[PDB]
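*Asks:* See run_0.txt below, with compact mmCIF, N, CA and C atoms.
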```txt
# COMPACT_ATOMS: atom_id res chain seq x y z
N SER A 2 -9.30 -16.30 -9.76
CA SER A 2 -8.18 -15.65 -9.04
C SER A 2 -8.41 -14.14 -8.86
N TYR A 3 -9.20 -13.77 -7.84
CA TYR A 3 -9.51 -12.37 -7.55
C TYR A 3 -8.33 -11.60 -6.93
N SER A 4 -7.49 -12.25 -6.12
CA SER A 4 -6.27 -11.64 -5.56
C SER A 4 -5.25 -11.28 -6.64
N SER A 5 -5.02 -12.15 -7.63
CA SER A 5 -4.16 -11.86 -8.79
C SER A 5 -4.72 -10.75 -9.69
N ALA A 6 -6.04 -10.65 -9.84
CA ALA A 6 -6.68 -9.59 -10.61
C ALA A 6 -6.60 -8.23 -9.89
N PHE A 7 -6.90 -8.21 -8.59
CA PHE A 7 -6.68 -7.06 -7.71
C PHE A 7 -5.22 -6.60 -7.75
N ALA A 8 -4.26 -7.51 -7.62
CA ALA A 8 -2.83 -7.22 -7.74
C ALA A 8 -2.40 -6.77 -9.15
N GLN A 9 -3.06 -7.18 -10.24
CA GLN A 9 -2.78 -6.65 -11.59
C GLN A 9 -3.15 -5.17 -11.71
N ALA A 10 -4.38 -4.78 -11.33
CA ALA A 10 -4.81 -3.37 -11.36
C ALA A 10 -4.07 -2.50 -10.33
N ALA A 11 -3.90 -3.00 -9.10
CA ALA A 11 -3.09 -2.35 -8.08
C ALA A 11 -1.65 -2.15 -8.56
N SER A 12 -1.01 -3.19 -9.12
CA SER A 12 0.34 -3.07 -9.68
C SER A 12 0.38 -2.08 -10.85
N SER A 13 -0.60 -2.07 -11.75
CA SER A 13 -0.67 -1.11 -12.87
C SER A 13 -0.60 0.35 -12.38
N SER A 14 -1.38 0.69 -11.35
CA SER A 14 -1.33 2.02 -10.71
C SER A 14 -0.11 2.25 -9.80
N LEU A 15 0.34 1.26 -9.02
CA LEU A 15 1.52 1.38 -8.16
C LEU A 15 2.84 1.50 -8.96
N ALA A 16 2.93 0.85 -10.13
CA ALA A 16 4.06 0.98 -11.05
C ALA A 16 4.10 2.33 -11.79
N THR A 17 2.93 2.93 -12.09
CA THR A 17 2.84 4.29 -12.66
C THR A 17 2.97 5.39 -11.59
N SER A 18 2.88 5.02 -10.30
CA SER A 18 2.99 5.94 -9.16
C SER A 18 4.44 6.11 -8.70
N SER A 19 5.16 7.01 -9.37
CA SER A 19 6.52 7.42 -8.98
C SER A 19 6.61 7.91 -7.53
N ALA A 20 5.53 8.43 -6.93
CA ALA A 20 5.47 8.79 -5.51
C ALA A 20 5.57 7.56 -4.58
N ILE A 21 4.98 6.42 -4.96
CA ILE A 21 5.11 5.15 -4.22
C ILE A 21 6.52 4.57 -4.39
N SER A 22 7.08 4.63 -5.61
CA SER A 22 8.47 4.22 -5.85
C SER A 22 9.45 5.05 -5.01
N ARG A 23 9.28 6.38 -4.95
CA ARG A 23 10.05 7.26 -4.05
C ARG A 23 9.81 6.98 -2.57
N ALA A 24 8.58 6.68 -2.13
CA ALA A 24 8.31 6.23 -0.76
C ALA A 24 9.17 5.01 -0.37
N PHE A 25 9.20 3.97 -1.20
CA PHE A 25 10.01 2.77 -0.94
C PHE A 25 11.53 2.96 -1.11
N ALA A 26 11.99 3.87 -1.98
CA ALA A 26 13.41 4.18 -2.12
C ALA A 26 13.94 5.14 -1.03
N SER A 27 13.07 5.99 -0.47
CA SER A 27 13.43 6.92 0.61
C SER A 27 13.82 6.20 1.91
N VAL A 28 13.00 5.24 2.34
CA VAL A 28 13.30 4.37 3.49
C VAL A 28 14.49 3.44 3.21
N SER A 29 15.28 3.14 4.25
CA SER A 29 16.50 2.30 4.16
C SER A 29 16.56 1.18 5.22
N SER A 30 15.42 0.92 5.88
CA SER A 30 15.25 -0.10 6.92
C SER A 30 13.90 -0.79 6.75
N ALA A 31 13.84 -2.11 6.92
CA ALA A 31 12.60 -2.88 6.81
C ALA A 31 11.52 -2.41 7.82
N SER A 32 11.91 -1.93 9.01
CA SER A 32 11.00 -1.31 9.98
C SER A 32 10.52 0.10 9.58
N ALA A 33 11.33 0.87 8.84
CA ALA A 33 10.89 2.15 8.27
C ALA A 33 9.92 1.90 7.10
N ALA A 34 10.20 0.90 6.27
CA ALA A 34 9.31 0.47 5.20
C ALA A 34 7.98 -0.11 5.72
N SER A 35 8.02 -0.99 6.73
CA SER A 35 6.82 -1.52 7.38
C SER A 35 6.03 -0.44 8.11
N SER A 36 6.70 0.53 8.75
CA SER A 36 6.04 1.69 9.38
C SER A 36 5.41 2.66 8.37
N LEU A 37 6.03 2.92 7.21
CA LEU A 37 5.38 3.65 6.11
C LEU A 37 4.13 2.89 5.63
N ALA A 38 4.25 1.58 5.40
CA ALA A 38 3.13 0.72 4.98
C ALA A 38 2.02 0.64 6.05
N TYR A 39 2.38 0.75 7.34
CA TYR A 39 1.41 0.89 8.42
C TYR A 39 0.70 2.25 8.35
N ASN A 40 1.43 3.37 8.30
CA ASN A 40 0.84 4.72 8.25
C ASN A 40 -0.07 4.92 7.02
N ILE A 41 0.42 4.63 5.81
CA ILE A 41 -0.39 4.73 4.58
C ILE A 41 -1.55 3.72 4.56
N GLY A 42 -1.39 2.57 5.22
CA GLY A 42 -2.42 1.54 5.37
C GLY A 42 -3.54 1.94 6.34
N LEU A 43 -3.23 2.59 7.47
CA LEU A 43 -4.24 3.16 8.38
C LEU A 43 -5.08 4.23 7.67
N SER A 44 -4.45 5.13 6.90
CA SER A 44 -5.13 6.14 6.08
C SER A 44 -6.04 5.51 5.02
N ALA A 45 -5.54 4.53 4.25
CA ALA A 45 -6.35 3.81 3.27
C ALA A 45 -7.51 3.03 3.93
N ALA A 46 -7.26 2.33 5.04
CA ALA A 46 -8.26 1.58 5.81
C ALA A 46 -9.37 2.50 6.37
N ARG A 47 -9.03 3.69 6.89
CA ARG A 47 -10.00 4.70 7.33
C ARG A 47 -10.83 5.28 6.17
N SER A 48 -10.22 5.59 5.02
CA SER A 48 -10.94 6.02 3.81
C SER A 48 -11.88 4.94 3.24
N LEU A 49 -11.51 3.65 3.34
CA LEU A 49 -12.32 2.51 2.87
C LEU A 49 -13.34 2.00 3.91
N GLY A 50 -13.23 2.41 5.18
CA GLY A 50 -14.22 2.15 6.25
C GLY A 50 -14.03 0.86 7.06
N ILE A 51 -12.80 0.32 7.10
CA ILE A 51 -12.44 -0.96 7.73
C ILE A 51 -12.62 -0.89 9.27
N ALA A 52 -13.23 -1.92 9.88
CA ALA A 52 -13.50 -2.02 11.33
C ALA A 52 -12.28 -2.42 12.18
N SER A 53 -11.11 -2.62 11.55
CA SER A 53 -9.88 -3.12 12.19
C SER A 53 -8.63 -2.55 11.49
N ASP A 54 -8.52 -1.22 11.43
CA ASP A 54 -7.48 -0.51 10.65
C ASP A 54 -6.06 -1.00 10.98
N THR A 55 -5.79 -1.19 12.28
CA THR A 55 -4.54 -1.74 12.84
C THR A 55 -4.20 -3.15 12.36
N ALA A 56 -5.20 -3.99 12.05
CA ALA A 56 -4.99 -5.33 11.50
C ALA A 56 -4.70 -5.31 9.99
N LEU A 57 -5.42 -4.50 9.19
CA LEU A 57 -5.11 -4.37 7.75
C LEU A 57 -3.75 -3.70 7.55
N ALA A 58 -3.50 -2.57 8.21
CA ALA A 58 -2.21 -1.89 8.17
C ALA A 58 -1.06 -2.75 8.74
N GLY A 59 -1.35 -3.58 9.75
CA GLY A 59 -0.44 -4.58 10.31
C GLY A 59 -0.09 -5.69 9.32
N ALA A 60 -1.06 -6.18 8.54
CA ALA A 60 -0.78 -7.09 7.43
C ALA A 60 0.07 -6.42 6.33
N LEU A 61 -0.17 -5.14 5.99
CA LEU A 61 0.69 -4.41 5.04
C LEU A 61 2.12 -4.20 5.58
N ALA A 62 2.27 -3.94 6.89
CA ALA A 62 3.57 -3.85 7.56
C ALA A 62 4.34 -5.18 7.45
N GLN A 63 3.70 -6.31 7.77
CA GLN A 63 4.28 -7.65 7.59
C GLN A 63 4.53 -8.01 6.11
N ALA A 64 3.71 -7.54 5.17
CA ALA A 64 3.90 -7.75 3.73
C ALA A 64 5.19 -7.09 3.20
N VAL A 65 5.37 -5.79 3.50
CA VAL A 65 6.57 -5.02 3.12
C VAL A 65 7.82 -5.52 3.87
N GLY A 66 7.70 -5.83 5.17
CA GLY A 66 8.76 -6.48 5.94
C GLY A 66 9.11 -7.90 5.47
N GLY A 67 8.20 -8.57 4.75
CA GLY A 67 8.39 -9.91 4.18
C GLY A 67 9.42 -9.96 3.04
N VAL A 68 9.51 -8.90 2.22
CA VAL A 68 10.61 -8.72 1.26
C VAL A 68 11.82 -8.07 1.94
N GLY A 69 11.57 -7.13 2.87
CA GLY A 69 12.62 -6.33 3.52
C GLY A 69 13.21 -5.23 2.62
N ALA A 70 14.05 -4.37 3.21
CA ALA A 70 14.66 -3.21 2.54
C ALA A 70 15.56 -3.57 1.33
N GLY A 71 15.74 -2.61 0.41
CA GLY A 71 16.58 -2.77 -0.79
C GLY A 71 15.93 -3.66 -1.87
N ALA A 72 14.68 -3.35 -2.24
CA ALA A 72 13.88 -4.11 -3.21
C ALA A 72 13.10 -3.22 -4.20
N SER A 73 12.61 -3.81 -5.30
CA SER A 73 11.80 -3.12 -6.32
C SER A 73 10.48 -2.59 -5.77
N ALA A 74 10.03 -1.45 -6.31
CA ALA A 74 8.67 -0.95 -6.08
C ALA A 74 7.60 -1.99 -6.46
N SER A 75 7.84 -2.82 -7.48
CA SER A 75 6.94 -3.92 -7.85
C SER A 75 6.84 -5.00 -6.76
N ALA A 76 7.95 -5.33 -6.09
CA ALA A 76 7.97 -6.33 -5.01
C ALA A 76 7.15 -5.87 -3.80
N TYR A 77 7.35 -4.64 -3.32
CA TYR A 77 6.55 -4.08 -2.23
C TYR A 77 5.08 -3.87 -2.63
N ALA A 78 4.81 -3.34 -3.83
CA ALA A 78 3.45 -3.11 -4.33
C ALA A 78 2.66 -4.42 -4.48
N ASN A 79 3.28 -5.47 -5.02
CA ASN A 79 2.67 -6.79 -5.12
C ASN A 79 2.45 -7.40 -3.72
N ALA A 80 3.40 -7.27 -2.79
CA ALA A 80 3.22 -7.73 -1.41
C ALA A 80 2.03 -7.03 -0.71
N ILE A 81 1.94 -5.70 -0.81
CA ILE A 81 0.80 -4.93 -0.29
C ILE A 81 -0.51 -5.36 -0.96
N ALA A 82 -0.54 -5.45 -2.29
CA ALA A 82 -1.75 -5.81 -3.03
C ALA A 82 -2.17 -7.27 -2.80
N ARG A 83 -1.25 -8.20 -2.50
CA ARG A 83 -1.62 -9.56 -2.07
C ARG A 83 -2.12 -9.60 -0.63
N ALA A 84 -1.57 -8.78 0.27
CA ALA A 84 -1.98 -8.74 1.68
C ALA A 84 -3.32 -8.00 1.89
N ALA A 85 -3.49 -6.82 1.29
CA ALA A 85 -4.80 -6.21 1.08
C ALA A 85 -5.73 -7.19 0.35
N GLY A 86 -5.27 -7.82 -0.73
CA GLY A 86 -6.03 -8.82 -1.49
C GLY A 86 -6.61 -9.95 -0.62
N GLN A 87 -5.80 -10.57 0.24
CA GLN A 87 -6.26 -11.57 1.23
C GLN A 87 -7.30 -10.97 2.18
N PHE A 88 -7.09 -9.76 2.70
CA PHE A 88 -8.03 -9.11 3.62
C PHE A 88 -9.38 -8.77 2.97
N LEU A 89 -9.38 -8.19 1.77
CA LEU A 89 -10.58 -7.86 0.98
C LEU A 89 -11.28 -9.13 0.45
N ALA A 90 -10.55 -10.23 0.22
CA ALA A 90 -11.14 -11.53 -0.07
C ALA A 90 -11.88 -12.11 1.15
N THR A 91 -11.29 -12.09 2.35
CA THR A 91 -12.00 -12.54 3.56
C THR A 91 -13.17 -11.63 3.95
N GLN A 92 -13.17 -10.34 3.58
CA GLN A 92 -14.35 -9.48 3.72
C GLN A 92 -15.42 -9.70 2.62
N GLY A 93 -15.11 -10.44 1.55
CA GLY A 93 -15.99 -10.61 0.38
C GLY A 93 -16.13 -9.36 -0.50
N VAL A 94 -15.27 -8.35 -0.31
CA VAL A 94 -15.18 -7.15 -1.17
C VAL A 94 -14.70 -7.52 -2.58
N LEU A 95 -13.83 -8.52 -2.71
CA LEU A 95 -13.41 -9.04 -4.01
C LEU A 95 -14.48 -9.98 -4.60
N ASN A 96 -14.99 -9.64 -5.78
CA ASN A 96 -16.10 -10.29 -6.48
C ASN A 96 -15.98 -10.15 -8.02
N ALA A 97 -16.64 -11.02 -8.79
CA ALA A 97 -16.59 -11.01 -10.26
C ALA A 97 -17.17 -9.73 -10.91
N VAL A 98 -17.85 -8.88 -10.14
CA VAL A 98 -18.30 -7.54 -10.56
C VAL A 98 -17.13 -6.67 -11.04
N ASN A 99 -16.04 -6.58 -10.24
CA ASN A 99 -14.84 -5.75 -10.52
C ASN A 99 -13.68 -5.92 -9.51
N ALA A 100 -13.42 -7.11 -8.97
CA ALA A 100 -12.25 -7.37 -8.11
C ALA A 100 -10.92 -6.88 -8.69
N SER A 101 -10.77 -6.92 -10.02
CA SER A 101 -9.67 -6.27 -10.72
C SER A 101 -9.65 -4.76 -10.46
N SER A 102 -10.64 -4.01 -10.93
CA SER A 102 -10.69 -2.55 -10.79
C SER A 102 -10.65 -2.03 -9.34
N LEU A 103 -11.13 -2.79 -8.35
CA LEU A 103 -10.97 -2.42 -6.94
C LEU A 103 -9.50 -2.41 -6.47
N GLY A 104 -8.60 -3.11 -7.17
CA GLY A 104 -7.15 -3.02 -6.97
C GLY A 104 -6.59 -1.66 -7.37
N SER A 105 -7.03 -1.09 -8.50
CA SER A 105 -6.76 0.32 -8.82
C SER A 105 -7.33 1.26 -7.76
N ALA A 106 -8.55 1.02 -7.25
CA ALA A 106 -9.13 1.85 -6.19
C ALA A 106 -8.31 1.82 -4.89
N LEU A 107 -7.81 0.65 -4.46
CA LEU A 107 -6.88 0.59 -3.32
C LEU A 107 -5.56 1.30 -3.65
N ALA A 108 -4.93 1.04 -4.80
CA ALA A 108 -3.71 1.73 -5.23
C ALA A 108 -3.87 3.26 -5.30
N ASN A 109 -5.05 3.77 -5.66
CA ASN A 109 -5.37 5.20 -5.58
C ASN A 109 -5.43 5.71 -4.13
N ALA A 110 -6.02 4.95 -3.20
CA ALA A 110 -5.99 5.25 -1.77
C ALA A 110 -4.55 5.27 -1.19
N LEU A 111 -3.72 4.26 -1.50
CA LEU A 111 -2.30 4.23 -1.13
C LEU A 111 -1.51 5.38 -1.78
N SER A 112 -1.82 5.75 -3.03
CA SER A 112 -1.20 6.88 -3.74
C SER A 112 -1.53 8.22 -3.08
N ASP A 113 -2.80 8.45 -2.72
CA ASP A 113 -3.19 9.60 -1.90
C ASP A 113 -2.40 9.64 -0.58
N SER A 114 -2.29 8.50 0.12
CA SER A 114 -1.51 8.37 1.36
C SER A 114 0.00 8.62 1.18
N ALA A 115 0.64 8.13 0.10
CA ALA A 115 2.07 8.33 -0.16
C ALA A 115 2.41 9.75 -0.65
N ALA A 116 1.53 10.39 -1.42
CA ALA A 116 1.61 11.82 -1.68
C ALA A 116 1.41 12.64 -0.39
N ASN A 117 0.45 12.26 0.45
CA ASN A 117 0.24 12.83 1.79
C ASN A 117 1.47 12.71 2.71
N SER A 118 2.36 11.72 2.55
CA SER A 118 3.63 11.68 3.30
C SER A 118 4.52 12.93 3.09
N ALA A 119 4.33 13.70 2.01
CA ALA A 119 4.97 15.00 1.82
C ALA A 119 4.39 16.14 2.69
N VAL A 120 3.23 15.96 3.34
CA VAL A 120 2.71 16.89 4.37
C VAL A 120 3.69 17.01 5.54
N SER A 121 4.26 15.88 5.99
CA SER A 121 5.25 15.84 7.08
C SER A 121 6.60 16.47 6.70
N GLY A 122 6.90 16.53 5.40
CA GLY A 122 8.07 17.22 4.82
C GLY A 122 9.43 16.89 5.46
N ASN A 123 9.64 15.65 5.91
CA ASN A 123 10.91 15.19 6.49
C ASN A 123 11.21 13.70 6.23
N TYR A 124 10.17 12.86 6.17
CA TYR A 124 10.29 11.42 5.91
C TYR A 124 10.81 11.05 4.50
N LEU A 125 10.58 11.91 3.49
CA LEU A 125 11.12 11.79 2.12
C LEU A 125 12.63 12.15 2.03
N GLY A 126 13.41 11.76 3.04
CA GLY A 126 14.85 12.01 3.21
C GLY A 126 15.22 13.43 3.64
N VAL A 127 14.48 14.42 3.12
CA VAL A 127 14.64 15.89 3.24
C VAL A 127 15.94 16.45 2.63
N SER A 128 15.86 17.68 2.11
CA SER A 128 16.96 18.44 1.50
C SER A 128 16.71 19.95 1.57
N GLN A 129 17.76 20.74 1.28
CA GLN A 129 17.75 22.21 1.32
C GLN A 129 18.53 22.84 0.14
N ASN A 130 18.51 22.12 -1.00
CA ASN A 130 19.13 22.46 -2.29
C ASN A 130 18.05 22.60 -3.39
```
The structure given in the file should be rewritten as structure tokens.

*Replies:*
Amino acid sequence: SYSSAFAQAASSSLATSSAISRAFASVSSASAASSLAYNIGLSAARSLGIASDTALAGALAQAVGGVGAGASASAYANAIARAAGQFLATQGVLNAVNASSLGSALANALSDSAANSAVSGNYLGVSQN
């Protein structure tokens, strides 16, 4: 079970990533959540070198939209890590060498992308207090 191992390491980092928890709590619509998962997924897919960034990010958009708004950071993180998990399994990137630890590597790419959402300085709800 390479997808479950990838999702264990990905979940370990996504659950310690308060920036990803804030990304999912900031949005209040399943299309805003799927669009965040698309934007952070295009960034992760470009950093990882994927030949179809729109298809991997599109699977992450459908993964987050599959639970919909008003859910745990674990539910969205597991949905992303299973959808990335299916994509990296069909690429053969998941292997007995370290399919587990590559889940932490994807969660680090998504964490860089969700911290990078603070570059735009408005999508995190915004405040002046």

*Asks:* Mind checking which residues fall within 6.5 Å of residue 3 in chain A, counting only N, CA and C atoms, ignoring those fewer than 2 positions away in the same chain, and posting them as an MDAnalysis selection string?

*Replies:* chainID A and resid 5:8 95:96 100:101

*Asks:* Just the residues within 12 Å of residue 18 in chain A, please, counting only C-alpha atoms, with nothing from its chain fewer than 6 positions along; format it as number ranges by chain.

*Replies:* A: 11-12, 24-25, 74-75, 78, 105, 108-116

*Asks:* Enumerate, as a PyMOL selection string, the complete set of residues in range 75-127 of chain A that a backbone-based DSSP assignment places in helix (DSSP H, G or I).

*Replies:* chain A and resi 75-91+102-117

*Asks:* Which of these residues is nearest to residue 39 in chain A, using only C-alpha atoms: A:52, A:85, A:17, A:23?

*Replies:*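 Using only C-alpha atoms, residue 39 in chain A sits closest to A:85.
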
*Asks:* Do you have the atom N of residue 9 in chain A-CA of residue 94 in chain A distance handy?

*Replies:*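 About the pair atom N of residue 9 in chain A and CA of residue 94 in chain A: they are 15.1 Å apart.
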
*Asks:* Measure the distance from CA of residue 31 in chain A to CA of residue 70 in chain A in Å and round it to one decimal.

*Replies:* 4.8 Å

*Asks:* Between CA of residue 28 in chain A and CA of residue 66 in chain A, measure the distance and give it in Å to one decimal.

*Replies:*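 If I compute the distance from CA of residue 28 in chain A to CA of residue 66 in chain A, I get 12.0 Å.
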
*Asks:* Would you fill out range 94-106 of chain A with N, CA, C and O atoms and return it as a JSON list (two decimals), in the coordinates of the input?

*Replies:*
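Result went into part-v4.json, see below:
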```json
[["chain", "number", "residue", "atom", "x", "y", "z"],
["A", 94, "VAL", "N", -15.27, -8.35, -0.31],
["A", 94, "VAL", "CA", -15.18, -7.15, -1.17],
["A", 94, "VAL", "C", -14.70, -7.52, -2.58],
["A", 94, "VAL", "O", -15.16, -6.93, -3.56],
["A", 95, "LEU", "N", -13.83, -8.52, -2.71],
["A", 95, "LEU", "CA", -13.41, -9.04, -4.01],
["A", 95, "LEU", "C", -14.48, -9.98, -4.60],
["A", 95, "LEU", "O", -14.84, -11.00, -3.99],
["A", 96, "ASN", "N", -14.99, -9.64, -5.78],
["A", 96, "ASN", "CA", -16.10, -10.29, -6.48],
["A", 96, "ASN", "C", -15.98, -10.15, -8.02],
["A", 96, "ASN", "O", -15.30, -9.25, -8.52],
["A", 97, "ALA", "N", -16.64, -11.02, -8.79],
["A", 97, "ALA", "CA", -16.59, -11.01, -10.26],
["A", 97, "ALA", "C", -17.17, -9.73, -10.91],
["A", 97, "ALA", "O", -16.95, -9.50, -12.11],
["A", 98, "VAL", "N", -17.85, -8.88, -10.14],
["A", 98, "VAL", "CA", -18.30, -7.54, -10.56],
["A", 98, "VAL", "C", -17.13, -6.67, -11.04],
["A", 98, "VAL", "O", -17.19, -6.13, -12.14],
["A", 99, "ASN", "N", -16.04, -6.58, -10.24],
["A", 99, "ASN", "CA", -14.84, -5.75, -10.52],
["A", 99, "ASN", "C", -13.68, -5.92, -9.51],
["A", 99, "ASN", "O", -12.99, -4.94, -9.21],
["A", 100, "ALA", "N", -13.42, -7.11, -8.97],
["A", 100, "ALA", "CA", -12.25, -7.37, -8.11],
["A", 100, "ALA", "C", -10.92, -6.88, -8.69],
["A", 100, "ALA", "O", -10.05, -6.44, -7.94],
["A", 101, "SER", "N", -10.77, -6.92, -10.02],
["A", 101, "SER", "CA", -9.67, -6.27, -10.72],
["A", 101, "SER", "C", -9.65, -4.76, -10.46],
["A", 101, "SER", "O", -8.77, -4.28, -9.75],
["A", 102, "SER", "N", -10.64, -4.01, -10.93],
["A", 102, "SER", "CA", -10.69, -2.55, -10.79],
["A", 102, "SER", "C", -10.65, -2.03, -9.34],
["A", 102, "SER", "O", -10.12, -0.94, -9.11],
["A", 103, "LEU", "N", -11.13, -2.79, -8.35],
["A", 103, "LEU", "CA", -10.97, -2.42, -6.94],
["A", 103, "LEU", "C", -9.50, -2.41, -6.47],
["A", 103, "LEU", "O", -9.16, -1.69, -5.53],
["A", 104, "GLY", "N", -8.60, -3.11, -7.17],
["A", 104, "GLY", "CA", -7.15, -3.02, -6.97],
["A", 104, "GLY", "C", -6.59, -1.66, -7.37],
["A", 104, "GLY", "O", -5.82, -1.08, -6.60],
["A", 105, "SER", "N", -7.03, -1.09, -8.50],
["A", 105, "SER", "CA", -6.76, 0.32, -8.82],
["A", 105, "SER", "C", -7.33, 1.26, -7.76],
["A", 105, "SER", "O", -6.64, 2.20, -7.37],
["A", 106, "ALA", "N", -8.55, 1.02, -7.25],
["A", 106, "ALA", "CA", -9.13, 1.85, -6.19],
["A", 106, "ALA", "C", -8.31, 1.82, -4.89],
["A", 106, "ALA", "O", -8.06, 2.88, -4.31]]
```
